[PDB]
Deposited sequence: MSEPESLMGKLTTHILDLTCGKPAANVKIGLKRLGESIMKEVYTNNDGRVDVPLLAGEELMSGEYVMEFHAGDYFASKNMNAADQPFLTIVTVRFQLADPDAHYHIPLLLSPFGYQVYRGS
């Protein structure tokens, strides 16, 4: 009954980051899912839920470079893929892990 969700805010304009590609994958393995955020900078279905969600480490790859490119911007951006590693210990908990994005800085947190 666990759940893993995320949301992206573009601090450069104060609006959610729409159409940003996000990749999910277990630590060590390769991509298992690829999603694109909607207009509220979220995704309809949880990135992980039910059986899918198992205790262990994961990595989310936020394609920030592409997002900011479609908004402007260097040919070789400082931030290309924002990588976020974290561990989900409880398989039945609700994990909200938002991302606050700027061209040269970001904030990751266990939201509510």
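Comparing the deposited sequence with the modelled residues shows gaps at 1-7, 80-81, with numbering starting at 1.
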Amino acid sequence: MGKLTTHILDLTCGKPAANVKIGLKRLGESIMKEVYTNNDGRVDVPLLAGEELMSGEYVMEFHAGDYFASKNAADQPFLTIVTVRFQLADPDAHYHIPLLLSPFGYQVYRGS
From here on, numbers count along this sequence of modelled residues.
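Remark: stretch with higher mean C-alpha B factor among 46-54 and 80-88 is 46-54.
Taking the mean C-alpha B-factor of each stretch as recorded, 10-18 and 89-97 are not equal, and the higher mean is that of 89-97. Highest CA B-factor among the listed residues (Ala64, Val35, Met60, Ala73): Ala73. Among the modelled residues of its chain, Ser112 has a C-alpha B-factor that falls in the highest third according to the deposited record.
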